[PDB]
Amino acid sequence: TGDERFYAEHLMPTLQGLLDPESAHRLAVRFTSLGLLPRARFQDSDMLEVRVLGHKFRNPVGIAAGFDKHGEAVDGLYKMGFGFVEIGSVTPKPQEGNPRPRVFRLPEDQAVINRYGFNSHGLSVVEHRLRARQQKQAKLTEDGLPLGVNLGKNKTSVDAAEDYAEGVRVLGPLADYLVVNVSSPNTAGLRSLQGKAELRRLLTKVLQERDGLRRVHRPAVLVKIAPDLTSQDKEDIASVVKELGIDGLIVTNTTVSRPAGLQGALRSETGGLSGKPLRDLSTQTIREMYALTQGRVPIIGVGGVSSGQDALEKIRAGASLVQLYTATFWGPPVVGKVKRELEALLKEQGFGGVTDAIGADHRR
């Protein structure tokens, strides 16, 4: 009607018109965290519910890692209508990340490039922040609004696996799921952790630590992967995930590629690209990972989602849930928009609900 259109066509280009990207991010985290936005009006239909990873998800649309790196805005994100929230990436020690400027808008492409470099308050800060609302989150989770916590590695860390292990020990007890983020393009060497041998060693240690947690505090573990992997890397990932019983995959992070056709002035900035130009590359990665794992490994699909169609494409390709972030362009109304369009499409296409559509392209 008019709620979306005051944001898509006014307020945001006003601010994006004024505010440097990193300033906009920081203000939005602050604004969201204080709950200053009206509560979303879209009431989730039962067709949007999904049961996966040991939990109920009231709707399958989450906020991707990177928006709330330090766990400050979780409640306001649920108020905006996200079915689930992922915070992080969080690193063991605090660290500042790269020098500014380090995040760039490509408005002609509906894309962003970032090179934050894991700016993080650190495990200890985030631990206390989540502990202060831990019981409130236990109720949200029971009511179908689960919390994920995404783990990174410090820049100077001399043992990657021990950084991730420490994350499991400190934040695992506060998370419904953890993510081993081995796919940031902005930390040197990190993506080589995706190789077969390094991945198997790393994930064995992660899983052992997770399994050492008390039962009520024992999160699902997912591995978040890049869109830029070879066929061999994808094969190798699928094989490790199955051998170890990894609980799921997040597909995908940002891309270090620069697709032909980008128009933004800032297209050759170093960093990960997000948004529309990533969309189909991510969808295709989902598609491949789903087939490689025989449809038995839950995938959270992410990259370039800004509509119901985008979401349903990923769900049909094999995602059980989806996330968005970059769709910074449209503001909060995009959340209810994706959800309502996805419900309309599932009905049009003859699905009883999201669950029935998961992986449907592979059974055509």
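Rigid core: the largest C-alpha set superposing within 1.5 Å between the two forms. Quick note: we count residues from 1 along the sequence shown, nothing fancier.
A.B. asks: Return whichever of 305 to 313 or 35 to 43 has the larger RMS Cα deviation from the displayed form in 9 other deposited structures of this protein, where every structure is aligned on the rigid core.
C.D. replies: When 305 to 313 and 35 to 43 are compared in 9 other deposited structures of this protein, 35 to 43 lies farther out.
A.B. asks: Do you reckon 102 to 110 or 195 to 203 strays further from the shown form in 9 other deposited structures of this protein, measuring C-alpha RMS after a core fit?
C.D. replies: Between 102 to 110 and 195 to 203, the one lying farther away in 9 other deposited structures of this protein is 195 to 203.
A.B. asks: Residues with no coordinates between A327 and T328 in the deposited sequence, how many: none, 1 to 3, 4 to 9, or 10 or more?
C.D. replies: Gap between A327 and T328: 1 to 3 residues without coordinates.
A.B. asks: Using the B-factors recorded in the PDB entry, average over the C-alpha atoms of 192 to 200 and of 76 to 84, then report which stretch comes out higher.
C.D. replies: Per the PDB record, 192 to 200.
A.B. asks: Mind pulling up the entry and telling me whether 274 to 282 or 231 to 239 has the higher mean Cα temperature factor?
C.D. replies: Averaging CA B-factors over each stretch, the winner is 231 to 239.
A.B. asks: When you compare the CA B-factors of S257, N186, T91, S268 as listed in the entry, which one comes out on top?
C.D. replies: Answer for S257, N186, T91, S268: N186, with the highest C-alpha B-factor.
A.B. asks: Taking the values straight from the PDB record, which of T156, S120, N181, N114 has the highest C-alpha temperature factor?
C.D. replies: Going by the entry's C-alpha B-factors, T156 comes out highest.
A.B. asks: Among the chain's modelled residues, which third holds the C-alpha B-factor of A220?
C.D. replies: For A220, whose C-alpha B-factor we compare with every modelled residue in the chain, the answer is the middle third.
A.B. asks: Going by what the PDB entry lists, where does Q294 fall on CA B-factor within its chain: lowest, middle or highest third?
C.D. replies: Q294: CA B-factor falls in the middle third of its chain.
A.B. asks: Using the B-factor values recorded in the entry, state whether the Cα atom of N253 falls in the lowest, middle or highest third among the modelled residues of its chain.
C.D. replies: For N253, whose C-alpha B-factor we compare with every modelled residue in the chain, the answer is the lowest third.
A.B. asks: Ranked by Cα temperature factor within the chain, is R287 in the lowest third, the middle third or the highest third?
C.D. replies: Its C-alpha B-factor, which the entry lists for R287, ranks in the lowest third among residues of this chain.
A.B. asks: Using only modelled residues of the chain, where does the Cα B factor of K69 rank: lowest third, middle third or highest third?
C.D. replies: Lowest third.
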